[PDB]
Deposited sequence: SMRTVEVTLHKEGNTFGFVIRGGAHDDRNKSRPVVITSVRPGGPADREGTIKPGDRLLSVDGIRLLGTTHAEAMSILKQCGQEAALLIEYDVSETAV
């Protein structure tokens, strides 16, 4: 079911290795969604994020109401180790 997952990534060359679309606008505004993951990059190597995942927050900064440019700047300016909260249909089982 739709659940939020925390992914910690370590930037390289000040990049996470993924592409985002979306963001807020005076006219109501679309969620921030990951559109591509770069092979060999930090996101690829951590392995969780996939195209179509929603990006909810970056270090506890919620990307509700942030413009595309603000979301990009948030991603650019956060520490090398960053906690990203994403949302997708998660399969989870106690074993």
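Visitor: In sequence order, which parts of the deposited sequence are missing C-alpha coordinates?
Guide: Sequence range with no C-alpha atoms is 29-30 alone.
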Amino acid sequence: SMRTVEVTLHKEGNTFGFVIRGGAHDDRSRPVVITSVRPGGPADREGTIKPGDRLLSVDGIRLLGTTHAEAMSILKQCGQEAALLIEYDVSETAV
From here on, numbers count along this sequence of modelled residues.
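Visitor: With respect to the recorded C-alpha B factors, which stretch has the higher mean value, 19-27 or 80-88?
Guide: The recorded data point to 19-27.
Visitor: Could you say whether, by C-alpha temperature factor, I74 belongs to the lowest, middle or highest third of its chain?
Guide: Middle third, going by the recorded CA B-factors of the chain.
Visitor: Is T93 in the lowest, middle or highest third of its chain when residues are ranked by C-alpha B-factor?
Guide: Bottom third by C-alpha B-factor.
Visitor: Within this chain, which third does the Cα B-factor at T48 fall in: lowest, middle or highest?
Guide: CA B-factor rank for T48: highest third.
Visitor: Lowest, middle or highest third: where is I61 by C-alpha B factor in its chain?
Guide: For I61, the deposited C-alpha B-factor lands in the middle third.
Visitor: Should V33 be placed in the lowest, middle or highest third of its chain by the C-alpha B factor in the entry?
Guide: Within its chain, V33 is a lowest-third residue by C-alpha B-factor, going by the deposited values.
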